[PDB]
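Working notes for the structure below.
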Ligand SMILES: [Zn+2]
Ligand SMILES: [Zn+2]
């Protein structure tokens with residue numbers, strides 16, 4: 117449950133940002149549209165990867 121599928125390492129508890137279930141490290145949170153740093157309020161994440169909210173702001 118508590119695992120970052122990006123680096124393959126497991127997550128801590130009070131660090132990793134959760135994208136509704138699927139937990140990823142703060143550093144491992146990289147967009148799938150543009151591919152930059154991301155750590156939002158709402159945060160965008162689809163069932164096709166994890167994105168930056170900035171991508172949808174532009175789009
Ligand atoms: Zn990670
Ligand atoms: Zn992006």
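In PDB author numbering, the protein residues as written are 117 to 175.
For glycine and all other residues, C-beta sits at the position ideal for the given N, C-alpha and C.
Rounded straight-line distance, which links the Cα of residue j to that of residue i
i           : j           : result
residue 233 : residue 175 : No information on residue 233 is available, as it lies outside the stretch 117 to 175 that the chain covers here.
residue 136 : residue 164 : 13 Å
residue 117 : residue 173 : 30 Å
residue 153 : residue 146 : 5 Å
residue 124 : residue 143 : 13 Å
residue 127 : residue 158 : 20 Å
residue 170 : residue 131 : 22 Å
Status (buried if at least 16 other CB within 10 Å, exposed otherwise) for residue i
i           : result
residue 160 : buried
residue 150 : exposed
residue 162 : exposed
residue 134 : exposed
Nearest-residue set for ligand 1, Cβ under 5 Å from any heavy atom
Those residues placing their Cβ nearer than 5 Å to any heavy atom of ligand 1 are, following chain order, 120, 122, 123, 141, 144.
Check each residue's C-beta against every heavy atom of ligand 2 and list, in chain order, those closer than 5 Å.
Output, sorted by chain position: 147, 149, 150, 168, 171.
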